[PDB]
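A quick write-up on the structure given underneath.
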Ligand SMILES: NCc1ccc(C(F)(F)F)cc1
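Residue numbers (PDB author numbering): 1 to 330.
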């Protein structure tokens, strides 16, 4: 079997991408943020604290004839940005673009942090990292992909994120019309539960390629590209007026600048991120200081190939016995 669903940026900056997901019987459609950086499928629900819901679509397990309370199960998760959520668990039928998983753990939120309440467009998250990161206690639960894997035509999912445009999440098949050239596959370490891999280096604009190993995660749930301070300083040194600002919390640059591209290595292959992808607009409404899409990973403790990098490529998350990542230009 296969699945195919369109993913759409939540706003004009591509801060995040939402993908419609059907939960329960009759179907309840919620727009979830597909996140390869986490492994919990959680949703705003009829159990979420009323003052913490502001425009989100909720899942009401009492209206689903297939919903079952997963007795005694709770979940609690904290994300890299400081956001968090927690609640109880139901099992229910969940489908993504035609692909159905019966008995999928649907973590119903009882509490959500302010960042989630403020994002009226995001009804929850659908984790796609390894199930080892799943927070359901006392019985750890599998991701949607892990549960669908055996039934898929090929044990893969692909991320084809658009730049200020819709894109596609495919499950179980590789669309050979969605990319140019060939897909370059690279090794993955699952030791930290992420799609963790090693980039072979970088270039800034038309500069010479620097061969250097950059360990990092392919994370659809992270907006920006977080790389080592050396790499990020080399990039921003090419933009007149660019600087790191502690008051803003990162590199900012004059909104009047035309940014250089950023190339990242995938084995002997190169993925070019166009300069316009690196512009995250004014730091505040009406400001002439723009926020950079390439930031330092120094405070995080891991490099993150977020949406800025992933949207420049057709990306294969190969969940075979030996998992790999494939990258192709598009
Ligand atoms: N990396 C996961 C993630 C995704 C979205 C959000 C936000 F911004 F919607 F709250 C936080 C954390």
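Each residue gets a CB set at the ideal place from its N, CA and C atoms; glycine is no exception.
Q: Report, in whole angstroms, the separation of the C-beta atoms of residue 107 and residue 40, which I expect to be a contact under 8 Å.
A: Here residue 107 corresponds to residue number 107 of the chain shown, with the count starting at 1. Here residue 40 corresponds to residue number 40 of the chain shown, with the count starting at 1. With 8 Å as the limit, residue 107 and residue 40 qualify as a contact, their Cβ atoms being about 6 Å apart.
**Q.** Contacting residues, own chain, Cβ-Cβ under 6 Å from residue 193 (five flanking each side not counted)
**A.** Mapped onto the chain shown, residue 193 falls at position 193. 129, 130, 132, 133, listed in sequence order.
(Q) Quick check: does the Cβ of residue 226 come within less than 8 Å of any heavy atom belonging to ligand 1? (A) For this step, residue 226 is matched to residue 226 along the chain shown. It does not: the Cβ of residue 226 is nowhere closer than 8 Å to a heavy atom of ligand 1.
Q | For residue 253 and residue 239, the rounded distance between their alpha carbons | A | What you label residue 239 is simply residue 239 of the chain shown in a count that begins at 1. What you label residue 253 is simply residue 253 of the chain shown in a count that begins at 1. Their Cα atoms are separated by approximately 7 Å.
Q. So, residue 34 versus residue 17, is the Cβ gap smaller than 9 Å?
A. If you number the chain shown from 1, residue 34 lands on position 34. If you number the chain shown from 1, residue 17 lands on position 17. Taking 9 Å as the Cβ cut-off, residue 34 and residue 17 qualify as a contacting pair.
Q.
Under 8 Å: does the beta carbon of residue 48 sit that close to some heavy atom of ligand 1?
A. As a position in the chain shown, residue 48 is number 48, starting the count at 1. Because no heavy atom of ligand 1 lies under 8 Å away, the Cβ of residue 48 does not count as near it: no.
Q) By Cβ distance, which residues of its chain are closer than 6 Å to residue 229, with the 5 residues on each side in sequence left out? A) Along the chain shown, read from residue 1 onward, the residue named residue 229 stands at position 229. Taken in chain order, the residues that qualify are 296, 298.
Q. In terms of residues, what are the limits of the alpha helix (DSSP H) holding residue 310?
A. The residue given as residue 310 occupies position 310 in the chain shown. DSSP places residue 310 inside the alpha helix (DSSP H), whose first and last residues are 307-310.
Q: Please classify residue 236: does DSSP put it in a helix, a strand, or coil?
A: Residue 236 sits at position 236 when you count from the first residue of the chain shown. It is helical.
**Q.** Given 8 Å, three or more beta-carbon pairs between the segment 243-253 and the segment 198-216
**A.** no
Q: State whether the segment 168-176 contacts the segment 146-155, with contact taken as three or more CB pairs (one from each stretch) at a distance under 8 Å.
A: yes
**Q.** Cβ neighbour criterion (16 or more within 10 Å) applied to residue 165
**A.** Counting from one through the chain shown, the residue named residue 165 turns up at place 165. So residue 165 counts as exposed.
**Q.** Between the CA atoms of residue 36 and residue 196 - distance to the nearest angstrom
**A.** Locating residue 196 in the chain shown gives position 196, where the first residue counts as 1. Locating residue 36 in the chain shown gives position 36, where the first residue counts as 1. Whole-angstrom Cα-Cα distance: 10 Å.
(Q) Can you look up residue 114 in the DSSP assignment and give me helix, strand or coil? (A) Stepping through the chain shown from its first residue, residue 114 is reached at position 114. Residue 114 falls in the helix class under three-state DSSP.
(Q) Just checking residue 79 against ligand 1 - is the residue's beta carbon closer than 8 Å to any of the ligand's heavy atoms? (A) Taking the chain shown and counting its residues from 1, the one referred to as residue 79 is at position 79. Answer for residue 79: yes, Cβ within range of ligand 1.
Q) Among the residues of its own chain, which have a CB less than 7 Å from the CB of residue 320, if the five just before and after it don't count? A) Locating residue 320 in the chain shown gives position 320, where the first residue counts as 1. Only 155 meet the Cβ criterion.
Q. How many angstroms separate the CA atom of residue 190 from the CA atom of residue 323?
A. Looking up residue 190 in the chain shown gives position 190. Looking up residue 323 in the chain shown gives position 323. Residue 190 and residue 323: Cα-Cα distance of roughly 8 Å.
(Q) Taking DSSP's pairing of strands, which residues face residue 77 in a bridge? (A) Counting from 1 along the chain shown, the entry for residue 77 is found at position 77. 85, per the DSSP bridge assignment.
Q: Name the residue from 167, 116, 61 whose alpha carbon lies nearest to the alpha carbon of residue 8.
A: For the purposes of this step, residue 8 is identified with residue 8 of the chain shown, where counting begins at 1. Nearest option by C-alpha distance: 167.
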